[PDB]
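Chain lettering (A, B, C, D and E) follows the sequence in which the chains are written, and residue indices restart at 1 in each chain.
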Amino acid sequence: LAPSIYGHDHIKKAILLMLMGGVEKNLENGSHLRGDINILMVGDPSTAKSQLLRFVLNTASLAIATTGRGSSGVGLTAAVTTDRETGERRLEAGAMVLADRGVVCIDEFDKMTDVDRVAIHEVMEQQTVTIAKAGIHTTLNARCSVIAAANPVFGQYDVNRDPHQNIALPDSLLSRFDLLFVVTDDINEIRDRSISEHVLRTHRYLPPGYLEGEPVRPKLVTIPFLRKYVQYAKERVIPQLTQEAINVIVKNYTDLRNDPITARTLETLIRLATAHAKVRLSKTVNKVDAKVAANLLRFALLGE
Amino acid sequence: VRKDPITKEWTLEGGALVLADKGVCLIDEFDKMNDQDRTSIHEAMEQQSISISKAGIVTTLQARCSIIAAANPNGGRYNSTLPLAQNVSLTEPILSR
Amino acid sequence: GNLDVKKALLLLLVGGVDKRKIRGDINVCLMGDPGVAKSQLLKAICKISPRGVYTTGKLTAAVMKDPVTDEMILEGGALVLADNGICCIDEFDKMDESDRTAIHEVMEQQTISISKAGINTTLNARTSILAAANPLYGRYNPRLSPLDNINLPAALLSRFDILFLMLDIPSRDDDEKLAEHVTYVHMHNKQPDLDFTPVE
Amino acid sequence: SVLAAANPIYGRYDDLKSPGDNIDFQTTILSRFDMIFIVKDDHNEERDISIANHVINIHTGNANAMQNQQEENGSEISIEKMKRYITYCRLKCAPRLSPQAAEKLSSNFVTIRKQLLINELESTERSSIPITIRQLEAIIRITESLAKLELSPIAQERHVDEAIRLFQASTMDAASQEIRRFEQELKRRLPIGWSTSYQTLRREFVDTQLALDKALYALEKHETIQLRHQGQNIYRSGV
Amino acid sequence: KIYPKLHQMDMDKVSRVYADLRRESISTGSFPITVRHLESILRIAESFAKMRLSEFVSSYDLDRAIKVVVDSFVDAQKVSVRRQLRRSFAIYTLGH
């Protein structure tokens, strides 16, 4: 994933598992547990957050791009319009509905007005949006992985202050994301040398057949192969949970919690393990999947 | 810019510095303006134009005004033991104009 | 667990005794952390009651004309649907002042008034209020007051008959049990056996 | 391309105040500018005399003839021809960097990042004007544009030198902006007209320790000290 | 109707006036002398030539313009320095 982005290994791992989200559960009385993995990248400028969103936009089977200022809350859920073919009031699907059984990319997410973010909540919590206006009283499916990019309230992350003080969003919204990643452009000569020489190799690219300086019109898979692998794993394997994985999950969840952690953290660990089982193309979730899921969520929570 | 009531589209309406183009504009009690209102003056007061870009309108109007303004110092009265920038709250970019 | 809360929640449904007025309604607020997931408990007892209704702070009556046709109607809010029943106010700390004053009038007079569009009325609201509220900054600090932790005003909290601050405390004991319960639900697509038989 | 013009907070730059207090813009929006120029009235009298003679030559109408002579002499080109030429460069050429240009740019990035790190330590706060990997791409774009003038299909060492110089002249210059005991110690122990070789002062102060270079910067801005002889000799030149 | 040209310009006088105004304006709170004030001297001289309906700016127009701009600058200063500054600037203006 994103071979032109240096570093960010744990984020690209989380992105891969988010492209391959865990199985959705349906229970008694039609009770529902969501299977999407919702990611928030918050951090310093020039940390490839937007570029990672643009890679996801180019890699998922069904992705809808949005930006904080450019998005209305109505433009996000669904909008009433008159169908001039007949003259009746009809709903027009917004970004969250168009991304159903897909993903939504949100750049500049903390720049949203809060009457927009009030409309995010039902998609995250219930994978649905409800309309109660214009004599139209309906509920629409919005079952999709939100991946979002944001900055702190200050221009860069301030390690002197708490995450709720650094991060603009309410805790009632942050708790709905599966993985909250904090990234920084923290200066270091070795890492700066590495990222720099990588970026220069990236900028020295020339696509085939073009002349030198002409304007445009260690094993790794190709992006078409990767897209096919994701489609295969989404369609053809539904990993079943297994006790040997449960033991790792409960051990890690209790350890993480008994040192920000909350009840929602547990099914996030289950989702990450289930998605990693999909990466193995395996009919069962196993102890390896729980170990990787706990390692990755531990990175996200502790900055490990 | 206004949503035109008979044309149902956006159109411009010239402010005082359009109405007084090739003329004078007279802002009495200049120190009482809200600073967001005051700082609208700048382009018309030096570049002698107004460059609106709103609601899909994008154009530059002529605003060839000599502006004469009247102000009281801070607190209501001058103080000759203070230099100018401490007598009045106006910043250097507007004072220089 | 939380059988003290469950024991109190029942006495909403049966209520006290009214007399010539003296009132039968009983009101309770479930404060504290959102990680306890109190919303599902409100949902449950809302379904138990024969007349109740589930709502969010995100309630007042209004002359809500132009519903489908351009047309006149008076909307009795959820507090009037809950007349002779339970109004389950989820997200109780998030409500706005019009709804706060609506809750004030029903919790005192058991009515909600209108003085709008020429219509001047008092709608009947003999309702019991079940509420759930969550703290500022996400998680409740136990050493600080509820007034420090939660957006609600003290005078309104004083009018509730029971106040339960159900916190979420990490525990090497409880967390294994909750984890095994939840993972059973994920692994078998149904809840585990309860060690007792419930009433439907 | 976004070309933007702004005044600082307090209108005039207010040099003795912190840049984080003078600059309204958040570090997010600032990082999206390849080059940030901080422009100041120098108040130098020779410069002001020169500007006055020039501006008078504008208002007198002398400049109308001067520009025409400059254009016909081939030292200047007109609006029209330059407009067409920018279009032609934007459509013909789009140069790459040579490997040598790439290495020089990479090492320059780590160099300016180190400078920003030590400045943030010396001022004990995150800088308002940032240096980020996006700003390496700023120097890359500037390098390419400089090669794009002459329609050279590759950028070279010379173009990288000019790109680095411009970035140093603009964004770095924007970023660039107990000792009281040590300075009076140096005033006591080095009288007027004599030289202390720097390394001995470093040993003596360390033997009492970064206050040294702040003291030297302050005393060098003042007339009291002069860094003679390749910076080796601390010379008590003034008072 | 009237558009006065600058001519025969006392370039050195306006240059010295602006240079001194800039130097003495380094006082942190003073009226902030800037290049638009230099152009203001020329606008004011042109306006005085306009008052005479004269298509050329005489030395009298320019000298009156310098007197206005210098007095406007001097008048804005605090009493602690205004006498010294007015004495210093007098060479440009009390020659008229």
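To be clear about the criterion, a contact is a pair of C-beta atoms (placed from the backbone, for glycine too) under 8 Å apart; a residue touches a chain by one contact, two chains touch by 3 or more.
When chain centres are taken as C-alpha averages, the shortest distance to the whole-protein C-alpha average belongs to A.
With chains reduced to the mean position of their C-alpha atoms, the one farthest from subunit C is E.
Remark: subunit A and subunit D have CA centroids separated by 41 Å (rounded to whole angstrom).
Mean C-alpha positions place subunit C and subunit E at a centre distance of 77 Å.
Inter-chain centre distance (subunit B to subunit C, centres taken as mean C-alpha positions): 54 Å.
Subunit B and subunit D have Cα centroids separated by 35 Å. Of all residues in subunit B, those touching 2 or more other chains are 92, listed in ascending order. Subunit D has residues 12 in contact with two or more other chains. All chain pairs that touch, listed by label, are A-C, A-D, B-D, B-E, D-E. Subunit A contributes residues 44-46, 151, 154-156, 158, 185, 187, 189, 192-193, 195-197, 199-201, 203-204, 206, 211-216 to its touches with subunit D in the complex. Listing the residues of subunit B that touch subunit E in their complex gives 46, 80-86, 92, 95-97. Contact residues on subunit D toward subunit B in their complex (touch as defined above): 7, 10-12.
Taken together, the subunit D residues at the contact with subunit A in this complex read 26-28, 30-32, 91-97, 99, 102-103, 105-106, 109-110, 113-114, 116-117, 120, 126, 128, 130, 132-137, 140, 147, 152-154. Listed in rising order, the residues of subunit B touching subunit D in the complex are 91-94.
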